[PDB]
Amino acid sequence: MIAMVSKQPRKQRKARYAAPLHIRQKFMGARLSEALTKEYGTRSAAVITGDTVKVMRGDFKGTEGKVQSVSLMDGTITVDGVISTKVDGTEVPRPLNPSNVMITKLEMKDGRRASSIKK
Amino acid sequence: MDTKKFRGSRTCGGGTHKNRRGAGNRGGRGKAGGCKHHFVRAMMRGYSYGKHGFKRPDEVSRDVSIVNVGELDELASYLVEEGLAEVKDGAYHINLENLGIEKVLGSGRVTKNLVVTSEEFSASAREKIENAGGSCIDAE
Amino acid sequence: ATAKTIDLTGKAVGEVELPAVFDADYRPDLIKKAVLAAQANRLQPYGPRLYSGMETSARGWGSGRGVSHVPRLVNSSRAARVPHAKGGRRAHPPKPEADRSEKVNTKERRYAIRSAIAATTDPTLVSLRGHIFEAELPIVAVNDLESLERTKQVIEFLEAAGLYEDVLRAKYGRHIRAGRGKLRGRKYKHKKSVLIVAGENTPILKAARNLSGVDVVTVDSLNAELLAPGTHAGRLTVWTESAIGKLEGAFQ
Amino acid sequence: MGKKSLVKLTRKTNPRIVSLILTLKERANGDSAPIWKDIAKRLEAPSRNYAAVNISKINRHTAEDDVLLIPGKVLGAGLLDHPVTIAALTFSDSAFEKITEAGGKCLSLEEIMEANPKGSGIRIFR
RNA sequence: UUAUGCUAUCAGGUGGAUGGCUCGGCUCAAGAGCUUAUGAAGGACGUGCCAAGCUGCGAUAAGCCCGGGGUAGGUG
RNA sequence: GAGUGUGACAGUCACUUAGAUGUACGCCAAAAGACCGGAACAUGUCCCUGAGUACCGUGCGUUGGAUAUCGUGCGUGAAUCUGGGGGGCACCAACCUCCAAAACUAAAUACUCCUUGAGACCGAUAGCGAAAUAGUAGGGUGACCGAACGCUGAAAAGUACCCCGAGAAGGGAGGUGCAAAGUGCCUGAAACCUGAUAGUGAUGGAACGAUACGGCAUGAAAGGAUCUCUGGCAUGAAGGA
RNA sequence: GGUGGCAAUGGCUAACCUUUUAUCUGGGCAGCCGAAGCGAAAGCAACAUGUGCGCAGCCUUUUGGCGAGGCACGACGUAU
């Protein structure tokens, strides 16, 4: 969150860079699918490790997979199937920005998830 | 000065670079030297040595606001139309207290019946007003 | 002399006699003075700190060492405090105590404002100043424009009046500028499109606010820089009935 | 209109003044009337020395139905007993009121040029 | 095959200018404005699994407890 | 439709924004109650109303304060409503004005450690000394003086395996990546240094060039195509065999 | 100085208020300058043109006339 109090690039980027962890949680937001947005009443939600998302920008547009990992400090997610093959030949996962993906299936093992997404 | 036009001139209009150093290139600071080497400059600029006369206290000394009879005559109709004067059967009745003038002076012409009340009048103003058909009134 | 008045659908539904503010001669020099004065009064003090480059105790070595006579650090040969030394003070920097405010007499400022208002009526000046429109100037709108509360309503009015093309050109000609302004926060170079003038504070001020290039103000908040952006007169303006009525002695 | 005249014109900032200078020189050409070129040179002269003529000078030096050309502003100090037509660059409000009440006309240089292009009978006041 | 050299360009090294970017600085405006013997500010020393500096902390030592917001990651 | 992030320029991808919500402890706070109490006049051989104080002499500082600022060292030193002080030298008189020598008292005002905002400000030799493991490294016994150093890439995908090499150096080969950009890694100028190419060169004279004419090299783009070369013809100023 | 606003019925506001975040709009006549000078002061206090020449411009018989501004007098206020 950064209000129109400060329209200065220095203050916006400082706020993003020194955002606390509870604010970096909100940086993991991604667009919900049409069904999910209709059945939740919100347009976006935070990507969580486990739920299925479709990558819609980058080299891996259209791939659906489960979030393997989430780094809040990096602001990145790790999705099943989104990998870079390294000079060894072994496959490392390529971190993605959550704004480049779209949630298609939500993980609902946590009862707090509904109010987490909205309200 | 125009710094841009002197970009590239070196001395920047000062002549030799030994000019434009300090107060030595002006002969001292401020209006100094008015007795020795800036004597003629002090004559020209009015900074000559000497005292003259005496001052009276501001609490007793007063200047009087003035107005000439010519001015009164040729803007009397404006005064009546604006409210500071009135026409009583042909005579312009003017009171200087609400105008802010305490002495009427006698410069100009008086062409109309003018009844002027003031704290003081010049003699020529007196005769001009009385020959114009008007009158002069003293402020008690 | 007289201007037709257009309803929200854009059709002339009456006449209004323009006040004497509209037959004022064209004074680009005074418009330039007014705009420059407003910009200068908006300007903001700045400058280096008090002793920047100067909080050293450096003193010169003197002659007899093969080095310049500049002040040096007391325990090194590094030069200090002089405007041609690295880390030295700026010679003749901006001063925060400098006064950049400009004065323009009220009479000539109002004369310039009236000149700009009259320039808003000439089609040639407005089109030469960059605006794209197909209406007949000046554009006076009935007061019901002031009561509409949504951007969609404003869009409907502008399309019915043949003014939305200038809003669109402003929107698509908004462009990221070149240079340090981007870092300082002036990322975009914005165009000016339409000046709506209302009789008083009404919903239209908020409804037309978000339109690209559009300014919506009241007669009280009307000034030279609004009527002549960049010191250039010929601004495309929508007057309301209340605004025309209130402009009777606005600057006379 | 050589380099000096063009320097003066470019120096002037009032478009009304510029157009007046150009049209005055054009009319001095076409009509063969040196009055317009003289007025043009007076307007090309520095603006700090424009005519500021009071009503008193006009009243002193004018007669009934006198045609006056003031290369500058008319001010309103003094009285005007007789009606006189005055073409000036500008007028004070009091000057306008006084001339109108006295019965003269307060016209502009363009209007006087359109009224009589030859300038016959017009007398210049500074 | 004229060496040692000279002049110009080109390739490369060194170097870190230029350009672009910048979480920093500076100035102005609006707020807000005391604290410590119930031991302050400041300093020393210690404190991390691998930890030397800074930062935080004080032998309960990059930390412990309670309430609220936040919710799936965290371990400056 | 302020802006910032997101693999290149985003109102509609994300955070936001406009606008609404909520908020513990606190802070202000109206209705309504409890309490000491306030204000006029008449009468007057009545009582009280600030002491080393006010004033003054002299010395000094300070002040625009001038014989007429304020301070205080020494000396001196009153009066009590029928009274006392002031009205820019002193005194006399008239008139006007006040009541000191005891005490408190919000607001309007100053400032910027700190919070927020903004900026015709600087953009890494600039801007704070410090874009900081910066009052640090370092210097001085000390008071104190005081630096330099930003940037890989979209993602480490931070080069597998092989050969040489004493090698956990390095090189070669081979890969990754749109691009090596290969870790003090964006761009990568000049000085300086290494090599190549063009010209010249061991009989040669020096402000390192300008101009004209030649040799050699180059002359792809951005320069010319009645343009370049070589001639003829017509007209040809000054001049003129 | 160049360019402008207004103009003897003159010009401009300062602080400050109005900001709805420094702009801006509308107020704000306190004050300053101009409007009468001379004189140390007390004090007193002047031409709304009496005359001549004359540029531009206009008229004209091309020689003259009128002639703003300008120039030269005359007159007057005050100090000596």
# chains A, B, ... in the order shown; residues from 1 in each chain; ligands from 1
call {"tool": "select_by_dssp", "arguments": {"residues": "chain D", "states": "strand (DSSP E)", "output": "PyMOL selection string"}}
result
chain D and resi 51-53+67-74+85-91+106-107+123-124
call {"tool": "closest_atom_pairs", "arguments": {"of": "chain C", "to": "chain D", "cutoff": "8 Å", "atoms": "only C-alpha atoms", "output": "CSV"}}
result
residue,atom,partner,partner_atom,distance
C:26,CA,D:15,CA,8.0
C:27,CA,D:14,CA,6.9
C:28,CA,D:14,CA,8.0
C:29,CA,D:13,CA,6.4
call {"tool": "select_by_dssp", "arguments": {"residues": "segment 40-113 of chain B", "states": "helix (DSSP H, G or I)", "output": "list in words"}}
result
residues 40, 41, 42, 43, 44, 45, 69, 70, 71, 72, 73, 74, 76, 77, 78, 79, 80, 81 and 82 of chain B
call {"tool": "write_last_selection", "arguments": {"atoms": "N, CA, C and O atoms", "output": "PDB file, in the first residue's frame"}}
result
ATOM      1  N   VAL B  40      35.690  65.745  -5.145  1.00  0.00           N
ATOM      2  CA  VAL B  40      34.834  66.186  -6.240  1.00  0.00           C
ATOM      3  C   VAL B  40      33.629  65.265  -6.387  1.00  0.00           C
ATOM      4  O   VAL B  40      32.521  65.717  -6.702  1.00  0.00           O
ATOM      5  N   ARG B  41      33.817  63.963  -6.164  1.00  0.00           N
ATOM      6  CA  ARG B  41      32.677  63.054  -6.207  1.00  0.00           C
ATOM      7  C   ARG B  41      31.678  63.371  -5.104  1.00  0.00           C
ATOM      8  O   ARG B  41      30.464  63.285  -5.312  1.00  0.00           O
ATOM      9  N   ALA B  42      32.172  63.721  -3.915  1.00  0.00           N
ATOM     10  CA  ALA B  42      31.280  64.113  -2.830  1.00  0.00           C
ATOM     11  C   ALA B  42      30.534  65.397  -3.161  1.00  0.00           C
ATOM     12  O   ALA B  42      29.350  65.535  -2.835  1.00  0.00           O
ATOM     13  N   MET B  43      31.212  66.354  -3.796  1.00  0.00           N
ATOM     14  CA  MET B  43      30.519  67.537  -4.301  1.00  0.00           C
ATOM     15  C   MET B  43      29.401  67.155  -5.262  1.00  0.00           C
ATOM     16  O   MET B  43      28.277  67.659  -5.161  1.00  0.00           O
ATOM     17  N   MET B  44      29.696  66.265  -6.209  1.00  0.00           N
ATOM     18  CA  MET B  44      28.706  65.911  -7.222  1.00  0.00           C
ATOM     19  C   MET B  44      27.524  65.159  -6.622  1.00  0.00           C
ATOM     20  O   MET B  44      26.375  65.380  -7.021  1.00  0.00           O
ATOM     21  N   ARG B  45      27.782  64.270  -5.670  1.00  0.00           N
ATOM     22  CA  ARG B  45      26.751  63.422  -5.090  1.00  0.00           C
ATOM     23  C   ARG B  45      26.157  63.982  -3.805  1.00  0.00           C
ATOM     24  O   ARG B  45      25.331  63.311  -3.180  1.00  0.00           O
ATOM     25  N   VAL B  69      -6.768  77.443  -5.290  1.00  0.00           N
ATOM     26  CA  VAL B  69      -8.111  77.899  -5.628  1.00  0.00           C
ATOM     27  C   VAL B  69      -8.469  77.486  -7.045  1.00  0.00           C
ATOM     28  O   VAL B  69      -9.639  77.234  -7.349  1.00  0.00           O
ATOM     29  N   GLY B  70      -7.475  77.393  -7.929  1.00  0.00           N
ATOM     30  CA  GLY B  70      -7.733  76.882  -9.265  1.00  0.00           C
ATOM     31  C   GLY B  70      -8.221  75.447  -9.240  1.00  0.00           C
ATOM     32  O   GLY B  70      -9.182  75.088  -9.930  1.00  0.00           O
ATOM     33  N   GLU B  71      -7.563  74.606  -8.439  1.00  0.00           N
ATOM     34  CA  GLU B  71      -7.996  73.221  -8.296  1.00  0.00           C
ATOM     35  C   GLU B  71      -9.401  73.154  -7.720  1.00  0.00           C
ATOM     36  O   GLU B  71     -10.256  72.410  -8.217  1.00  0.00           O
ATOM     37  N   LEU B  72      -9.661  73.950  -6.680  1.00  0.00           N
ATOM     38  CA  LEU B  72     -10.987  73.969  -6.073  1.00  0.00           C
ATOM     39  C   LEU B  72     -12.048  74.356  -7.093  1.00  0.00           C
ATOM     40  O   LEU B  72     -13.089  73.699  -7.203  1.00  0.00           O
ATOM     41  N   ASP B  73     -11.795  75.417  -7.859  1.00  0.00           N
ATOM     42  CA  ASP B  73     -12.776  75.876  -8.833  1.00  0.00           C
ATOM     43  C   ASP B  73     -13.021  74.825  -9.907  1.00  0.00           C
ATOM     44  O   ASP B  73     -14.171  74.468 -10.187  1.00  0.00           O
ATOM     45  N   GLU B  74     -11.957  74.312 -10.520  1.00  0.00           N
ATOM     46  CA  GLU B  74     -12.148  73.455 -11.681  1.00  0.00           C
ATOM     47  C   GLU B  74     -12.352  71.987 -11.335  1.00  0.00           C
ATOM     48  O   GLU B  74     -12.448  71.165 -12.251  1.00  0.00           O
ATOM     49  N   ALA B  76     -14.708  71.686  -8.508  1.00  0.00           N
ATOM     50  CA  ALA B  76     -15.750  71.883  -7.507  1.00  0.00           C
ATOM     51  C   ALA B  76     -16.994  71.070  -7.838  1.00  0.00           C
ATOM     52  O   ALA B  76     -17.635  70.511  -6.941  1.00  0.00           O
ATOM     53  N   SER B  77     -17.352  70.997  -9.122  1.00  0.00           N
ATOM     54  CA  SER B  77     -18.533  70.238  -9.516  1.00  0.00           C
ATOM     55  C   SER B  77     -18.352  68.754  -9.233  1.00  0.00           C
ATOM     56  O   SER B  77     -19.303  68.067  -8.840  1.00  0.00           O
ATOM     57  N   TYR B  78     -17.141  68.235  -9.442  1.00  0.00           N
ATOM     58  CA  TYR B  78     -16.856  66.869  -9.026  1.00  0.00           C
ATOM     59  C   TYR B  78     -17.063  66.693  -7.529  1.00  0.00           C
ATOM     60  O   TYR B  78     -17.606  65.677  -7.088  1.00  0.00           O
ATOM     61  N   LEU B  79     -16.625  67.670  -6.730  1.00  0.00           N
ATOM     62  CA  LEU B  79     -16.792  67.570  -5.283  1.00  0.00           C
ATOM     63  C   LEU B  79     -18.262  67.537  -4.882  1.00  0.00           C
ATOM     64  O   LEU B  79     -18.653  66.763  -4.000  1.00  0.00           O
ATOM     65  N   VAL B  80     -19.096  68.357  -5.522  1.00  0.00           N
ATOM     66  CA  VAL B  80     -20.512  68.355  -5.172  1.00  0.00           C
ATOM     67  C   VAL B  80     -21.179  67.067  -5.639  1.00  0.00           C
ATOM     68  O   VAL B  80     -21.994  66.480  -4.917  1.00  0.00           O
ATOM     69  N   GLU B  81     -20.840  66.599  -6.842  1.00  0.00           N
ATOM     70  CA  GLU B  81     -21.434  65.366  -7.341  1.00  0.00           C
ATOM     71  C   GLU B  81     -20.956  64.141  -6.573  1.00  0.00           C
ATOM     72  O   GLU B  81     -21.656  63.124  -6.555  1.00  0.00           O
ATOM     73  N   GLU B  82     -19.783  64.215  -5.948  1.00  0.00           N
ATOM     74  CA  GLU B  82     -19.256  63.130  -5.134  1.00  0.00           C
ATOM     75  C   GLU B  82     -19.667  63.238  -3.671  1.00  0.00           C
ATOM     76  O   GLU B  82     -19.547  62.253  -2.935  1.00  0.00           O
TER      77      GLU B  82
END
call {"tool": "atom_distance", "arguments": {"atom1": "atom CA of residue 197 of chain C", "atom2": "atom CA of residue 138 of chain C"}}
result
12.4 Å
call {"tool": "residues_around", "arguments": {"residues": "segment 53-61 of chain C", "least_positions_apart": "6", "cutoff": "10 Å", "atoms": "only C-alpha atoms (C1' of nucleotides)", "output": "PDB file with N, CA, C and O atoms (P, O5', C5', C4', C3', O3' and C1' of nucleotides), in the first residue's frame"}}
result
ATOM      1  N   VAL C  67      53.842  23.281  -4.749  1.00  0.00           N
ATOM      2  CA  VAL C  67      52.421  22.993  -4.860  1.00  0.00           C
ATOM      3  C   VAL C  67      51.661  24.309  -4.931  1.00  0.00           C
ATOM      4  O   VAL C  67      52.136  25.354  -4.483  1.00  0.00           O
ATOM      5  N   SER C  68      50.460  24.240  -5.503  1.00  0.00           N
ATOM      6  CA  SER C  68      49.542  25.373  -5.545  1.00  0.00           C
ATOM      7  C   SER C  68      49.273  25.935  -4.159  1.00  0.00           C
ATOM      8  O   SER C  68      49.440  25.237  -3.156  1.00  0.00           O
ATOM      9  N   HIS C  69      48.857  27.198  -4.091  1.00  0.00           N
ATOM     10  CA  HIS C  69      48.655  27.869  -2.818  1.00  0.00           C
ATOM     11  C   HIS C  69      47.258  27.639  -2.259  1.00  0.00           C
ATOM     12  O   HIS C  69      46.848  28.344  -1.332  1.00  0.00           O
ATOM     13  N   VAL C  70      46.525  26.669  -2.797  1.00  0.00           N
ATOM     14  CA  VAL C  70      45.166  26.381  -2.348  1.00  0.00           C
ATOM     15  C   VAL C  70      45.226  25.865  -0.918  1.00  0.00           C
ATOM     16  O   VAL C  70      46.251  25.303  -0.508  1.00  0.00           O
ATOM     17  N   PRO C  71      44.175  26.042  -0.125  1.00  0.00           N
ATOM     18  CA  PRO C  71      44.147  25.418   1.201  1.00  0.00           C
ATOM     19  C   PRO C  71      44.203  23.903   1.096  1.00  0.00           C
ATOM     20  O   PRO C  71      43.600  23.302   0.206  1.00  0.00           O
ATOM     21  N   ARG C  72      44.940  23.289   2.013  1.00  0.00           N
ATOM     22  CA  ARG C  72      45.052  21.843   2.086  1.00  0.00           C
ATOM     23  C   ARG C  72      44.629  21.378   3.470  1.00  0.00           C
ATOM     24  O   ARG C  72      44.596  22.157   4.426  1.00  0.00           O
ATOM     25  N   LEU C  73      44.296  20.095   3.566  1.00  0.00           N
ATOM     26  CA  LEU C  73      44.039  19.490   4.864  1.00  0.00           C
ATOM     27  C   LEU C  73      45.272  19.599   5.752  1.00  0.00           C
ATOM     28  O   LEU C  73      46.411  19.539   5.283  1.00  0.00           O
ATOM     29  N   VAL C  74      45.034  19.778   7.053  1.00  0.00           N
ATOM     30  CA  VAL C  74      46.137  19.994   7.979  1.00  0.00           C
ATOM     31  C   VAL C  74      47.041  18.776   8.097  1.00  0.00           C
ATOM     32  O   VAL C  74      48.203  18.912   8.494  1.00  0.00           O
ATOM     33  N   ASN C  75      46.551  17.588   7.758  1.00  0.00           N
ATOM     34  CA  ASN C  75      47.328  16.361   7.873  1.00  0.00           C
ATOM     35  C   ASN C  75      47.264  15.554   6.587  1.00  0.00           C
ATOM     36  O   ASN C  75      47.193  14.322   6.606  1.00  0.00           O
ATOM     37  N   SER C  76      47.292  16.238   5.449  1.00  0.00           N
ATOM     38  CA  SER C  76      47.375  15.596   4.144  1.00  0.00           C
ATOM     39  C   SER C  76      47.519  16.697   3.106  1.00  0.00           C
ATOM     40  O   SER C  76      47.339  17.880   3.403  1.00  0.00           O
ATOM     41  N   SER C  77      47.845  16.299   1.881  1.00  0.00           N
ATOM     42  CA  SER C  77      47.960  17.255   0.791  1.00  0.00           C
ATOM     43  C   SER C  77      46.659  17.456   0.026  1.00  0.00           C
ATOM     44  O   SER C  77      46.647  18.211  -0.951  1.00  0.00           O
ATOM     45  N   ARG C  78      45.575  16.804   0.433  1.00  0.00           N
ATOM     46  CA  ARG C  78      44.320  16.921  -0.298  1.00  0.00           C
ATOM     47  C   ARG C  78      43.753  18.329  -0.142  1.00  0.00           C
ATOM     48  O   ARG C  78      43.579  18.818   0.978  1.00  0.00           O
ATOM     49  N   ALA C  79      43.461  18.979  -1.263  1.00  0.00           N
ATOM     50  CA  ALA C  79      42.933  20.336  -1.234  1.00  0.00           C
ATOM     51  C   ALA C  79      41.478  20.344  -0.783  1.00  0.00           C
ATOM     52  O   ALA C  79      40.737  19.382  -0.989  1.00  0.00           O
ATOM     53  N   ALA C  80      41.065  21.450  -0.168  1.00  0.00           N
ATOM     54  CA  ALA C  80      39.729  21.515   0.402  1.00  0.00           C
ATOM     55  C   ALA C  80      39.188  22.936   0.343  1.00  0.00           C
ATOM     56  O   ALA C  80      39.934  23.912   0.238  1.00  0.00           O
ATOM     57  N   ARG C  81      37.860  23.024   0.411  1.00  0.00           N
ATOM     58  CA  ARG C  81      37.094  24.234   0.693  1.00  0.00           C
ATOM     59  C   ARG C  81      37.036  25.211  -0.480  1.00  0.00           C
ATOM     60  O   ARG C  81      36.185  26.105  -0.494  1.00  0.00           O
ATOM     61  N   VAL C  82      37.872  25.039  -1.496  1.00  0.00           N
ATOM     62  CA  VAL C  82      37.876  26.028  -2.569  1.00  0.00           C
ATOM     63  C   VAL C  82      36.982  25.529  -3.697  1.00  0.00           C
ATOM     64  O   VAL C  82      36.853  24.314  -3.894  1.00  0.00           O
ATOM     65  N   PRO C  83      36.340  26.425  -4.447  1.00  0.00           N
ATOM     66  CA  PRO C  83      35.379  25.980  -5.470  1.00  0.00           C
ATOM     67  C   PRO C  83      35.978  25.125  -6.574  1.00  0.00           C
ATOM     68  O   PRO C  83      35.236  24.381  -7.224  1.00  0.00           O
ATOM     69  N   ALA C  85      38.418  22.872  -5.906  1.00  0.00           N
ATOM     70  CA  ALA C  85      38.886  21.643  -5.283  1.00  0.00           C
ATOM     71  C   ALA C  85      37.794  20.586  -5.278  1.00  0.00           C
ATOM     72  O   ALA C  85      36.611  20.897  -5.115  1.00  0.00           O
ATOM     73  N   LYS C  86      38.201  19.331  -5.456  1.00  0.00           N
ATOM     74  CA  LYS C  86      37.264  18.224  -5.338  1.00  0.00           C
ATOM     75  C   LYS C  86      36.667  18.200  -3.941  1.00  0.00           C
ATOM     76  O   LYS C  86      37.385  18.279  -2.941  1.00  0.00           O
ATOM     77  N   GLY C  87      35.346  18.090  -3.876  1.00  0.00           N
ATOM     78  CA  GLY C  87      34.644  18.211  -2.622  1.00  0.00           C
ATOM     79  C   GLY C  87      34.511  19.627  -2.114  1.00  0.00           C
ATOM     80  O   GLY C  87      33.950  19.829  -1.030  1.00  0.00           O
ATOM     81  N   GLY C  88      35.014  20.615  -2.854  1.00  0.00           N
ATOM     82  CA  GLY C  88      34.908  21.990  -2.427  1.00  0.00           C
ATOM     83  C   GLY C  88      33.522  22.564  -2.640  1.00  0.00           C
ATOM     84  O   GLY C  88      32.653  21.971  -3.276  1.00  0.00           O
ATOM     85  N   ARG C  89      33.326  23.758  -2.093  1.00  0.00           N
ATOM     86  CA  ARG C  89      32.025  24.404  -2.135  1.00  0.00           C
ATOM     87  C   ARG C  89      31.689  24.888  -3.540  1.00  0.00           C
ATOM     88  O   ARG C  89      32.567  25.240  -4.331  1.00  0.00           O
ATOM     89  N   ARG C  90      30.395  24.896  -3.844  1.00  0.00           N
ATOM     90  CA  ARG C  90      29.893  25.516  -5.064  1.00  0.00           C
ATOM     91  C   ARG C  90      30.057  27.028  -4.965  1.00  0.00           C
ATOM     92  O   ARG C  90      29.554  27.651  -4.025  1.00  0.00           O
TER      93      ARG C  90
ATOM     94  P     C F 128      24.930  19.769  -0.674  1.00  0.00           P
ATOM     95  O5'   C F 128      24.941  18.444   0.209  1.00  0.00           O
ATOM     96  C5'   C F 128      26.152  17.827   0.620  1.00  0.00           C
ATOM     97  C4'   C F 128      26.108  17.477   2.082  1.00  0.00           C
ATOM     98  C3'   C F 128      27.402  16.960   2.680  1.00  0.00           C
ATOM     99  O3'   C F 128      28.282  18.011   3.033  1.00  0.00           O
ATOM    100  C1'   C F 128      25.537  15.677   3.448  1.00  0.00           C
ATOM    101  P     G F 129      29.720  18.133   2.332  1.00  0.00           P
ATOM    102  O5'   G F 129      30.540  16.906   2.921  1.00  0.00           O
ATOM    103  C5'   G F 129      31.853  16.621   2.467  1.00  0.00           C
ATOM    104  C4'   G F 129      32.287  15.241   2.889  1.00  0.00           C
ATOM    105  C3'   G F 129      31.274  14.129   2.656  1.00  0.00           C
ATOM    106  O3'   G F 129      31.357  13.632   1.333  1.00  0.00           O
ATOM    107  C1'   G F 129      32.158  13.979   4.856  1.00  0.00           C
ATOM    108  P     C F 144      37.579  18.227  20.341  1.00  0.00           P
ATOM    109  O5'   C F 144      38.143  18.068  18.865  1.00  0.00           O
ATOM    110  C5'   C F 144      38.086  19.131  17.932  1.00  0.00           C
ATOM    111  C4'   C F 144      39.316  19.135  17.068  1.00  0.00           C
ATOM    112  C3'   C F 144      39.142  18.614  15.654  1.00  0.00           C
ATOM    113  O3'   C F 144      38.577  19.556  14.760  1.00  0.00           O
ATOM    114  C1'   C F 144      41.039  17.612  16.621  1.00  0.00           C
ATOM    115  P     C F 145      37.694  19.049  13.517  1.00  0.00           P
ATOM    116  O5'   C F 145      38.760  18.456  12.498  1.00  0.00           O
ATOM    117  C5'   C F 145      39.759  19.283  11.928  1.00  0.00           C
ATOM    118  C4'   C F 145      40.666  18.498  11.016  1.00  0.00           C
ATOM    119  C3'   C F 145      39.977  17.664   9.947  1.00  0.00           C
ATOM    120  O3'   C F 145      39.565  18.414   8.822  1.00  0.00           O
ATOM    121  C1'   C F 145      41.627  16.363  11.001  1.00  0.00           C
ATOM    122  P     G F 146      38.237  17.993   8.026  1.00  0.00           P
ATOM    123  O5'   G F 146      38.483  16.477   7.602  1.00  0.00           O
ATOM    124  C5'   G F 146      39.466  16.140   6.634  1.00  0.00           C
ATOM    125  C4'   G F 146      39.594  14.646   6.466  1.00  0.00           C
ATOM    126  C3'   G F 146      38.305  13.913   6.139  1.00  0.00           C
ATOM    127  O3'   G F 146      37.931  14.025   4.778  1.00  0.00           O
ATOM    128  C1'   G F 146      39.425  12.761   7.844  1.00  0.00           C
TER     129        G F 146
END
call {"tool": "interface_residues", "arguments": {"of": "chain F", "to": "chain A", "cutoff": "9 Å", "atoms": "only C-alpha atoms (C1' of nucleotides)", "output": "PyMOL selection string"}}
result
chain F and resi 2-7+13-17+116-118+154-157+159-160+175-176
